[PDB]
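Presented as structure tokens, the chain that follows is alone, the form deposited in one PDB entry.
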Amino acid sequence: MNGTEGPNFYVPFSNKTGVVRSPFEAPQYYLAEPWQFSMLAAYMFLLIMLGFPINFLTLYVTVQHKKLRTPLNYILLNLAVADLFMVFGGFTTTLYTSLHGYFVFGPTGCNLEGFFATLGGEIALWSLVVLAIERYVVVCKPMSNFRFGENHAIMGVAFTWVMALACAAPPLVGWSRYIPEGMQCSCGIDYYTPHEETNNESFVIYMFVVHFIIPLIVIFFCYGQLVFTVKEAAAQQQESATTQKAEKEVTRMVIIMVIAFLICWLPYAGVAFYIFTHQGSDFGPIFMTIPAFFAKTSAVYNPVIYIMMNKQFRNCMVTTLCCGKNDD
């Protein structure tokens, strides 16, 4: 056996030397150097100390400024909340797990870490869908005399929560399950075992198809409509050069957010898909540790892209932080 399966775990280390233990029962220092566990800990600590203030700040600045009530403003507020859930719901646990080198909080700890990570990632993915569609509607206005206003914004946000929970929750109640990965200090979906009792196989398929591929199809479609229009379907829409310059700011930003997501999550995606199609194969704990922990920057990069690429949000922020002068 290249790894060590247990009732509820899969250590990617051979147990021929009898050293393997359950990531729920004892430290995993046999897996790698303890200074590496300190690196993860240190890492999570930074993510928490960065993620807590940039998200809250985003959330706070948005609420405080009434003029910040467009679909973008709404979507980014939504991410800010999603990220605070990742930070406080998940990262605190992954931090503490890294410090002890195992899930001292047992499977309940693992569920927290896996849930909020999955939730935050998916909320970001589906939010991208809502934005692309909003860019589509606002930049090409295909449907009739329609208004993607505040009302749809709310419906947009609720929508992201629905899809994301459709992915993150089922493994909490019997469809697949959260399971330790890599050095055993973070938890992901079970790509590792078939465990037919929780119908693992069918969940992983559902996840990759509905919670990765489909959303990418939708965004790709929208991206199609925008390239086309910015080309020859907009010169007939008489888009005044004055609005386009502000609607191109926002369009560029969404595109960057989409690229950042791919940069952040594809590596995890690939390893997961690999493991899934090579169960039992010989891979170490480092194979998934790097992509998994890297993906956790998803809790941080969005508000930063926001601050850096949306002048209106930026100015409001400086205003909030400087009190009065640097508004809404």
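In case it trips you up, residue 1 is the first one in the sequence shown, and so on. Take the two forms, find the largest set of C-alpha atoms that superpose within 1.5 Å, and that set is the rigid core.
Engineer: Might you work out how many residues are unmodelled in the deposited sequence between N326 and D327, and answer none, 1 to 3, 4 to 9, or 10 or more?
Structural biologist: Count of unmodelled residues in between: 1 to 3.
Engineer: Higher mean Cα B-factor in the deposited model: 255 to 263 or 23 to 31?
Structural biologist: For C-alpha atoms only, the mean B-factor is higher in 23 to 31.
Engineer: Comparing average C-alpha B factors as deposited, tell me which of 11 to 19 and 302 to 310 sits higher.
Structural biologist: It is 11 to 19 that shows the higher mean C-alpha B-factor.
Engineer: Going by the CA temperature factor in the entry, name the top one among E122, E239, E181, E113.
Structural biologist: Across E122, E239, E181, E113, the entry lists the biggest C-alpha B-factor for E239.
Engineer: From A132, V204, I213, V138, which pick has the Cα B-factor that tops the rest in the entry?
Structural biologist: Spelled out: the listed residue with the top C-alpha B-factor is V138.
Engineer: Pull the Cα B-factor of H65 out of the PDB entry and bin it into the chain's lowest, middle or highest third.
Structural biologist: It falls in the top third of the chain.
Engineer: Is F159 in the lowest, middle or highest third of its chain when residues are ranked by C-alpha B-factor?
Structural biologist: Lowest third - that is where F159 ends up once the chain's C-alpha B-factors are sorted.
Engineer: Taking the chain's C-alpha temperature factors as the reference, tell me which third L165 falls into: lowest, middle or highest.
Structural biologist: Lowest third - that is where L165 ends up once the chain's C-alpha B-factors are sorted.
Engineer: Select lowest, middle or highest to describe the third in which the CA B-factor of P194 falls within its chain in this entry.
Structural biologist: According to the entry, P194 has a C-alpha B-factor in the chain's highest third.
Engineer: Taking the entry's C-alpha B-factors for this chain, is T118 in the lowest, middle or highest third?
Structural biologist: Tercile = lowest for this residue's CA B-factor.
Note that the form deposited in another entry isn't included here; everything after this is about it.
Engineer: Considering only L165, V104, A233, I214, which residue exhibits a C-alpha shift of no less than 2 Å between the shown form and the other one, with the rigid core used for superposition?
Structural biologist: With the rigid core superposed, the residue that stands out is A233.
Engineer: Can you confirm the direction of the Cα distance change for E232 and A132 in the other entry, closer or farther than in this form, given it is 3 Å or more?
Structural biologist: Pair moves closer in the other entry.
Engineer: Do the C-alpha atoms of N310 and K231 sit closer or farther apart in the other entry than they do here, given a shift of 3 Å or more?
Structural biologist: The answer is closer, because the C-alphas of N310 and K231 approach each other in the other entry by 3 Å or more.
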